[PDB]
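Here the structure is laid out as structure tokens; the discussion comes afterwards.
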Amino acid sequence: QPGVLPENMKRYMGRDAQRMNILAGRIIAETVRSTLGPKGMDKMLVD
Amino acid sequence: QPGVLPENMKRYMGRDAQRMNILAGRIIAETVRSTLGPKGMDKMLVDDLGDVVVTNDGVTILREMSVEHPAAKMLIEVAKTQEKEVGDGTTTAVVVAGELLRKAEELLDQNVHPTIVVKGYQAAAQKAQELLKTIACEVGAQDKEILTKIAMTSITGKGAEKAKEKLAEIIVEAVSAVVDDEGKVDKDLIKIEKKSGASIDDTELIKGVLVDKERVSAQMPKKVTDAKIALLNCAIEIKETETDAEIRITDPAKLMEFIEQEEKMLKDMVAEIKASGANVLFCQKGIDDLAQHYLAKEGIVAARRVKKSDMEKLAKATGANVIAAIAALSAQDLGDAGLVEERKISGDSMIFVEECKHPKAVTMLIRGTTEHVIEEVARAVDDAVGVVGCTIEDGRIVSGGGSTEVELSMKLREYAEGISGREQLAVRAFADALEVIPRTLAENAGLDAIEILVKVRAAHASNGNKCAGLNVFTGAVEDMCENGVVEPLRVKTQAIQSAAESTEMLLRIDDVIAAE
Amino acid sequence: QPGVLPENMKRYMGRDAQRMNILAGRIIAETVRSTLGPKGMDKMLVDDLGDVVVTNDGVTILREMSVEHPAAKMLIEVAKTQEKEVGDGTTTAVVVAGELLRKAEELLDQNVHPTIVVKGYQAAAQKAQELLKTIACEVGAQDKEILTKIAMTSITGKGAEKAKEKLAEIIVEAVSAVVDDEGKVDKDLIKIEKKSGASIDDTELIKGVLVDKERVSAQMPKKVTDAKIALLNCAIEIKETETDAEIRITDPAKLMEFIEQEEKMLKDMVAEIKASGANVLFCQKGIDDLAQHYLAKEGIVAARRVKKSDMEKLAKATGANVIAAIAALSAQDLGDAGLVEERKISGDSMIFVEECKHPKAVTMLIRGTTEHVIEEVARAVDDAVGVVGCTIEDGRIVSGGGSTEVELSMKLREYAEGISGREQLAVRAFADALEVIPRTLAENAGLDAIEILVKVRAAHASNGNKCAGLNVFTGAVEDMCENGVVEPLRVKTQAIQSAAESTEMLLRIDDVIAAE
Amino acid sequence: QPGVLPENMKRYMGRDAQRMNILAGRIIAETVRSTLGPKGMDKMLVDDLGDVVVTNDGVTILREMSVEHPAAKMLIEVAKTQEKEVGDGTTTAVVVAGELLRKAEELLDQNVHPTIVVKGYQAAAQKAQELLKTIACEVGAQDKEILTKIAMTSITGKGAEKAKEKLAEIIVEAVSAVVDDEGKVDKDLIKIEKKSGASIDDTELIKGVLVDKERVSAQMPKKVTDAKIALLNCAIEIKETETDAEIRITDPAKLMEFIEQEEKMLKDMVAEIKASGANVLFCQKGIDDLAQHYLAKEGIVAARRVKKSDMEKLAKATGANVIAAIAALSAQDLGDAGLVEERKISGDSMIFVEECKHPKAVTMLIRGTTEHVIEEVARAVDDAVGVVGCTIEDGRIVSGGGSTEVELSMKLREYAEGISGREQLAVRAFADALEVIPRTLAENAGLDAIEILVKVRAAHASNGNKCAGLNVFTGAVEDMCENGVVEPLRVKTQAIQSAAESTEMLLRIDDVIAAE
Ligand SMILES: Nc1ncnc2c1ncn2[C@@H]1O[C@H](COP(=O)(O)OP(=O)(O)O)[C@@H](O)[C@H]1O
Ligand SMILES: Nc1ncnc2c1ncn2[C@@H]1O[C@H](COP(=O)(O)OP(=O)(O)O)[C@@H](O)[C@H]1O
Ligand SMILES: Nc1ncnc2c1ncn2[C@@H]1O[C@H](COP(=O)(O)OP(=O)(O)O)[C@@H](O)[C@H]1O
Ligand SMILES: [Mg+2]
Ligand SMILES: [Mg+2]
Ligand SMILES: [Mg+2]
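Chains as they are written, first to last, in the deposited numbering: chain A, 4 to 50; chain A', 4 to 519; chain B, 4 to 519; chain C, 4 to 519. A prime marks a further copy of an entry chain.
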């Protein structure tokens, strides 16, 4: 009757794990992409 | 991840299912145990609207409690079947069922399998029916003296006990009067009427019916001796056609011609009623105010809008035919009564149709000081009507006071001897179960059940008086037949068979699955 | 496991059931104890709407408090039956019942079993019925002197006892006038009207009826002496056929032809009425405006839309027959009254039909200063009408003031001496119970109940005076019959039987099951 | 108004009290029945924190459930006392109590009075204690072969039974080693240590103790053979006076002079210890960091802040006196051990004091692969230690496998013969109840209880074999004694006495009053 793995838990397997890590990675990279080089632009971050 | 069986569901398996059904059964039985016998006590039940029932009656107590538990519901139907088939012995049946369940628990606790107790119970029940047949005494359908003992035994241990002699004689006369050509008794032909009065003793048998009506016009007689009674299924009113018809008047003089044509049709109807020889009329439908007058003019007593169920009993009581077309009424459709009278009983106006020569329906007018006192007399009368009716139909009776149960137990134990293996335990348990009746009769009487049983059994042993039972007043074991403590065979056969069948059904259950 | 008996349920078993029933019963008796006898006091009951009743009347008190306790309700049924069967003695019946329950508890507390108590109570009650028959005195239905004492005894101790001589005389005449052919008395035949006035002493008997109507046209006489009265239950309008009918008009000259035929049908209907010799007319239905004119032209007093209940008392008082077709009316359907007059009473105009010769119905017109004073007078008149009716019907009275209960008590103890067993205790208890009446009469008068009881018993001892009771004023013991303190046998026989029966019923209860 | 007893209160009287107590008893017993014997099964208990216990141990199961029901709690005491007095047979004691209640119900449902049942049970119980004394066999406290069977019987059905033979020999050696000079066994003298490892088979007996400590300085020897052990409960720190004292320095020379005095008296303490000949020291209090250095220099192994419990075990094991003053330390206070060694065990550093010659306390080091596997091995070890201890103390054993209960049951039925009256029913009922053990043993083994009980009884009949019982594996009845299935007399005497006393106490109850 009871669950084996904790019930308050999100799980991502195979293609889904790969997709989330690859995506999270790509998105992080593209946030800073536009800062690169002599013609790079800046960011304003507000906490 | 998701559950297969509904998640909002309580389940009880094996020992747990058995325990809940056995327990629910035993508890139901012990609620009514104390009502049993001459020394039985009553219950007061109050419903959620504040209404009250005080009664000794086993099936009434069980329906009035609003039992929800599923197993308990199953043996309450033992009471309902007993009520429907016999009309008496409703606590006996339930108390036997509860004890069969209790004795089965003892067997299950020794690892006897449920299907084996079931098998033994079926065998014992079947032997029981066989032993009952040989135990029963034959009586004639018109043996007034025995029928009177049958009714008196029924009324014993109720409030109405004090007047049981008068009541029994009335009841025996009432039931014998409605016996049909096949020798059958239809309880519904004994109308029960309940009216406050001076005493339970004022209860009386009417050879006829009470109609909850007054005559339609105070100009009519309110008393008729040797009445000639007409019964009409149609309205004494201007008859309209089924096809839509309308009157067109273009000449002012035609107004009166139509009004006077209608007025004449009415007068013609009354004229046809008078011609049949009728001097009393009951009409299921309406009587035109104008017709009322003509009937009064002709000296004919009439009541209008009588209930259809009243028309039917009037027909049964007076020997009249309910006619549906006034034109068709003939002297031959009239019934007879020695006396039709409008009078007041405890403040209410009613029409008494009485002293009918050979009524096929009859009325018992139950009197008593208060409404609840009267209710309980009526329940007693009902039991008595039931058993007098069974006796008339079956012509077979047994002695009461637990004498027959002891005879059965004793004989069943003999039977169990020749039964091999484990099933023998079940058969012996069934035999021991039946002694719950003599045991409960003694204990309600404040007597010691164990010693009482020793004596009654000894009186059955060898040969051996099948009628020996405990007089709960003297404390002596006596011949119950000689003492007039007797009941119809059908009480025992029905009670034992349903107790067996219902408990067998419960004992087969190994899994209770309850939703919501 | 689930529960077997439903869980919303309260349950009281054995000693607890007995206690709640005995207590509930007793508390019900104690609330009306103080109303008993000539020194009795009154209750003011206010309901949840703010409406007020003040009364000495036991059954009225019990009905008005909205009692919900189940055992209390059963005792209240005792008061309701006393009221229905007798019309007086409702406090007495309930007080005796309460005491019977009190005496039973003493026997239960020393371990007498309930069935023995009820058996003893049943035995004493039956004995008491037959003793009461020997104690009763014979009286003739036309013995007005004795009926008057009966009515006066009834009225004593109530608001109204100031006017008790004229009142009693009026009531004796009223009831005597409505005695039927079988010698029976239907209370419904005495109409009670209540109207503010100068004084309770303005109350009067009308040999006729009071009709809450005005004549339909002011052009009619307000007064007619030696009236011939027509009673119609059909309207005086153009009669419409039962089958649907429509006039079709193609000639403009026919418009008027029909209109005039219809007002000719009106003149005709009126002229038929006049032809009968009728000068007063009561119609259950309507009367065309134009008929009202014609009637008025002919000098006929007509009321319209008279209650059917009014029509019926009109017929009974005047001798008229309620006629359904104006075409039928004849001189022989007409009623007579010495006087018919429309007049104002309490600023309300009404039609008095009075000075009838052989009225089968009459009207007590009860006067008094305020509505509440009047309500209580009417209650006392009701009681007196009941007892006068009982005496007329039964011809049997007993002495009052608790003398009959003391006589009964003394004789029951004698009887009890011959009773062997535990049932003797119950018979003695019943005997003692009955003394609650002389004891309460004396408590309410502030006398010493124990001492006066010794005196009254002494006067009944030997073969003394069965009629000896305590005079609550004088303080002495005297012949109550001689003092004219008397009551119908029926008050005592019904009160004792009801108290016996309903308490035997409660004493049989060993288990109370209350839902919710 | 108002209530005498508190309104927020549940109550159960007579049959209802008997029922809830009996029921609660039975259900508690049913909970552990399946854990009984060689084919017994285990329970997993999870508490509200989510911590889990897996066991076969009857009393452990009952303590870990959160039983709140009051009658259930009474029966759980039966298990707790069995655990304290014997250390084994907790399921048995509770299962017998459960059956005693069940058996009593069938008597109560016959109207045998509770006091009669209680009386019969007391008499049967007392007879049972006399019969057990004659049934028991005598054994010598040094009979290692029988002690070993006692231990093996105890561990059978547990889990650790795979390692039964080695475990049992260890246990017998362990208990023999701590028997005192009056022949008593204090099970507290067998220290239990539980350490994960390669398998249950690695469990060993240590003649000495495991101290969960590390030597105070790495410079001290890690290992020492034929060690001379000092046990101190005084701290090896600078001694302060009890009276408040303070140093006053006025000359800056005395600064270092007080400092040097403090460290010389410290060096003097160590020199006093060295002088006793000790080369291993256990101090209950703290040791100065400087003393540690000195001790290390003198090659003396020392552990500080040792819990008193260990100090006491060390004394018992090595034969040292725990000394409270360093000045008083003598070579005659020193204990002896073959080997003292700091070792890691499963990554845990501990000091082993082992190979003592005649240790008065010893240590069983229990091994296993997982924590929970070890937990249950340790419970089984405790059961066995308990029964080996009983046998050494009492010198009485009985055969197991239900053999003794059957002999007991059979003899008790003989005894019932000579009991007069109803009490006889109860004595027989007690007799029957004991058979729940053989019946349950068979059930758990999937065998048919009824037929095996017939065989085992017949093997006891006449001068049969008191040791005859059912072998659950073969299915044959066998001489349980000869098969080495034996138990201390005390298991049975305690279980039966406890069962009897607690059920007698419960059966005396006719009224349950619960608050809140
Ligand atoms: N005079 C008597 N003496 C002994 N037993 C009697 C007597 N009259 C009736 N009984 C027994 O009482 C039982 C029926 O009692 P009752 O309360 O009516 O229960 P049920 O609802 O089952 O009919 C039967 O066994 C009947 O024989
Ligand atoms: N003049 C009197 N002297 C003594 N007792 C009287 C007198 N008049 C009436 N009683 C008694 O008063 C009792 C009736 O009192 P009442 O308050 O009307 O009660 P209930 O409603 O029961 O009739 C009767 O017992 C009657 O005998
Ligand atoms: N080899 C065996 N054959 C049959 N019965 C046995 C055997 N070993 C032990 N028993 C029985 O099992 C019972 C004890 O089982 P156990 O599960 O330890 O319960 P308890 O907690 O009551 O000691 C005793 O009755 C004992 O006789
Ligand atoms: Mg019956
Ligand atoms: Mg009165
Ligand atoms: Mg064990």
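Ideal Cβ positions, reconstructed from N, Cα and C, are used throughout, including at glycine.
- Within chain C, the residues whose beta carbon sits less than 9 Å from that of A':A452 are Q113, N114, listed in sequence order.
- The Cβ atoms of C:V212 and C:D351 do not sit closer than 8 Å to each other.
- Counting the other CB atoms within 10 Å of its CB gives C:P5 a total below 16, which places it among the exposed residues.
- Taking 3 residues as the shortest admissible run, the region 218-254 of chain C contains the following complete beta strand (DSSP E) segments, listed from N- to C-terminal end: 226-235.
- The region 121-134 of chain A' makes contact with the region 502-512 of chain A': 3 or more CB pairs, one atom from each, lie closer than 8 Å.
- In terms of CA proximity to B:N282, B:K300 leads the group B:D385, B:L52, B:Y124, B:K300.
- C:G92 has its CB nearer than 7 Å to a heavy atom of ligand 6.
- Counting of Cβ neighbours within 10 angstroms places A':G302 among the exposed residues, the total staying below 16.
- DSSP places B:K198 within a strand segment (E or B) once states are collapsed to three.
- According to the DSSP secondary-structure assignment, B:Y124 is paired through a beta bridge with no residue.
- Taken through DSSP and simplified to helix, strand or coil, C:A479 comes out as coil.
- In this structure, DSSP gives C:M47 an extended state, which the three-state scheme calls strand.
- Within 10 angstroms of the beta-carbon of C:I250 lie fewer than 16 other beta-carbons, which makes it exposed.
- Neighbours of B:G6 across chain A', judged by C-beta separation under 7 Å: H72.
- Inclusion of B:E207 and B:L368 in the CB contact set at 8 Å is warranted, their separation being smaller than that value.
- Residue contact with chain C for A':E109: present (Cβ-Cβ distance below 8 Å to some residue of chain C).
- Under the Cβ distance rule, A':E504 does not count among the residues neighbouring chain C, no pair being separated by less than 8 Å.
- Residue contact check for A':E249 against chain B: a CB pair falls below 8 Å.
- Residue pairing for B:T58: DSSP places it in a beta bridge opposite B:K46.
- Taking 8 Å as the threshold, the shortest C-beta distance from A':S157 to chain B does not fall below it.
- Any Cβ of chain A' closer than 8 Å to the Cβ of B:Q335 would place that residue at the interface, and such an atom is absent.
- Taking 8 Å as the cut-off between beta carbons, none of the residues of the region 344-355 of chain B comes near chain A'.
- If you draw a 10 Å sphere on the C-beta of B:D60, you find 16 or more other C-beta atoms in it, and that means buried.
- In this chain, the beta strand (DSSP E) harbouring C:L213 covers 212-214.
- The alpha-carbon of B:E420 is positioned some 14 Å away from that of B:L411.
- Residue-level contact by beta carbon fails for A':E408 and chain C, as no gap is shorter than 8 Å.
- Looking at the DSSP output, B:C140 shares a beta bridge with B:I400.
- Beta-bridge partners of B:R370 (DSSP): B:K198.
- The shortest C-alpha to C-alpha distance from B:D184 to any of A':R346, A':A452, A':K288 is the one to A':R346.
- Of the candidates A':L510, A':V515, A':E519, A':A518, the residue whose Cα lies closest to the Cα of A':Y124 is A':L510.
- Remark: the C-beta of C:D385 is outside contact range of ligand 6, defined as less than 7 Å to any heavy atom.
- The beta carbon of A':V439 sits no closer than 7 Å to any heavy atom of ligand 1.
- Around the C-beta of B:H361, fewer than 16 other C-beta atoms lie within 10 Å, and the residue is accordingly described as exposed.
- By the criterion of at least three beta-carbon pairs nearer than 8 Å, the region 329-342 of chain A' is in contact with the region 217-236 of chain A'.
- C:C393 and C:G40 have their C-alpha atoms some 20 Å from each other.
- Taking a contact as a CB-CB distance under 8 Å, the pair B:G200 and B:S349 counts as one, their CB atoms being some 7 Å apart.
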